[PDB]
Amino acid sequence: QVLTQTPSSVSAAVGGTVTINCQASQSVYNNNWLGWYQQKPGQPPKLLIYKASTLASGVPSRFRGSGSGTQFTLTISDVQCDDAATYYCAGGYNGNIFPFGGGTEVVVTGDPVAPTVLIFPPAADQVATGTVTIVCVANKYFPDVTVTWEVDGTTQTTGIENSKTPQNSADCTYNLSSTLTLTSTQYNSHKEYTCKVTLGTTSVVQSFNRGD
Amino acid sequence: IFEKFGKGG
Amino acid sequence: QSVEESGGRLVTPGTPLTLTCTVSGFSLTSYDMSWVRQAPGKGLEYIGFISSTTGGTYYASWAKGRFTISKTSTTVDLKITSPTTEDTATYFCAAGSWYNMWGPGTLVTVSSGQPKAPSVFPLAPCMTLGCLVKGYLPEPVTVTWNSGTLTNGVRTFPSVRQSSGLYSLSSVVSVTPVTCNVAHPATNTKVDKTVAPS
Ligand SMILES: [Cl-]
């Protein structure tokens, strides 16, 4: 009635090997009623493996299913940036019980890549609305970053929201948006707006001056 | 006993 | 050959709604037809299915009473009998005993909000250009560039929900005259902004 999928998260370098396990509380139907699925953010799942070990049409041979009864395994050899995804097992039991496992995130790792940083001032038409949104983008980086905002040299604590693109299917990198929201009065109060992007111990800084 | 397993392949 | 869900929309708790699954290029009755859902940032959850072998309808134990599965001449339907906040999710339909073919999903939003079309603002540095898509409900919005013809160098960030309950996202594109096309299907709204450098 439960499929316990382990681990919750796994990492390999490009060309590495990943193992994902799925353990049933009792024997699945016919000892082999277990499938494996890949899901990327925003997309529906895709069937990889059915009947424990059969590769679905079009699926790369580097995806392999094994096991029977209560213990099942998905391995990924020669891991590619394209393999960064969440993987799920899904099983079937006597009594028409069809649980999904809780999922395993696969993170594909590599050498750090330093971000470039862009800042976008608010459009003329935003100011008039009473609220202003400043956007900072960290482009094509790895692994994770942190972002700081300074307004005329004062570090901002509130009104910041961050959003990150999933790993690039070709090069494994992320992109990040950091948005600072202010009232039009607060915005028209200050001159220098600064976005600081920190990868590890190193910061890259981008700024603009209102009216330029 | 169980209801007949409902998935065929 | 495809499956397509429809019916995702914003509803207040307790308001019943029906989703439909339409198949193209094969018969509704040839293969197992399943409903699966996924709450935002969470795992897949099986709801129920109609068997091609037994002809029977089956539900997950947790889902019994909360959902009703039925079929018309052209659709497999999922009724949410009394939606809660906790029913907010993408609903997928899938064909085949192994969930072989999936639809893109349809989003159900269960909350007290009123629909709101986004405002779209141009992003240009004081080259990469963009569009800020601010203050919409429910999700989703779709963003394209030059009417879907510009895809290379396009990054559309995941939405974030603000304190208001309204959603926002940005989309940026790298080039060497670019238009962002924003759709808010919930309100049938289309917004185009031509983004000029400076
Ligand atoms: Cl489930």
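Values in this text are rule-based calculations from the coordinates and carry no lab data. Using ideal geometry, Cβ is built from the backbone for each residue, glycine included, and neighbour counts are taken over all protein chains shown.
Here are a few things to note about the model shown:
- Relative contact order of chain A, defined on C-alpha pairs under 8 angstrom at six or more residues apart (%): 19 percent
- For the protein assembly as shown, the extents of the C-alpha atoms along the principal axes are 76, 48, 37 Å, listed from largest to smallest.
- Distance from region A:117-142 to region A:1-60 (C-alpha centre basis), Å: 40 Å
- Dipole magnitude for chain C: about 340 debye, using +1 per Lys or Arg Cβ and -1 per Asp or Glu Cβ, origin at the Cα centre.
- In chain A, inverting the average of 1/r over every pair of distinct C-alpha atoms gives 20.0 Å as the Kirkwood radius.
- What the phi angles of region A:158-163 give under the Karplus curve with 6.51, -1.76 and 1.60, with θ = phi - 60°, is a coupling list of 10, x, 9, 9, 10, 8 Hz, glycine and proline written as x.
- Rg and Dmax over the alpha-carbon atoms of region A:118-209 stand at 13.9, 43 Å.
- Put simply, the convex hull of the Cα atoms in region C:2-110 casts, on average, a shadow of 6.3 nm².
- Note on chain A: with a GNM built from Cα contacts shorter than 10 Å, the maximum mean-square fluctuation among A:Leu176, A:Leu34, A:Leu47 falls on A:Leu47.
- Under the simplified labelling scheme, the C:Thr189-B:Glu3 pair shows an inter-label distance of 4.4 nm, with each label point 7 Å from Cα along Cα→Cβ.
- Number of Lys-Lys pairs in chain C with C-alpha atoms under 22 Å apart and a separation of 8 or more places or on different chains: 9.
- Within the straight-line cut-off of under 24 Å between alpha carbons, the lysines reachable from A:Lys51 are A:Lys40, B:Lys4, B:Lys7, sequence neighbours fewer than 8 places apart in one chain being disregarded.
- With the convex hull constructed from alpha-carbon coordinates only, region C:59-187 shows a mean projected area of 11.5 nm² over all directions.
- Electrostatic dipole magnitude of region A:118-209 [Cβ: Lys, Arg +1; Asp, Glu -1; Cα centre; debye, to 20]: 80 debye
- Here's how it looks for C:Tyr31: its modeled amide H is under 5 Å from none belonging to a residue 5 or more places away or on a different chain.
- Rounded to the nearest whole Hz, the Karplus-based 3J(HN,Hα) values (6.51 cos²θ - 1.76 cosθ + 1.60, θ = phi - 60°) of region A:196-203 follow the sequence 10, 10, 10, 10, x, 9, 9, 10, with x at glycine and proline.
- Karplus-based coupling profile of region A:20-30, in residue order and whole Hz: 10, 10, 9, 10, 7, 5, 9, 4, 5, 4, 6, with θ = phi - 60° in 6.51 cos²θ - 1.76 cosθ + 1.60 and x standing for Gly or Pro.
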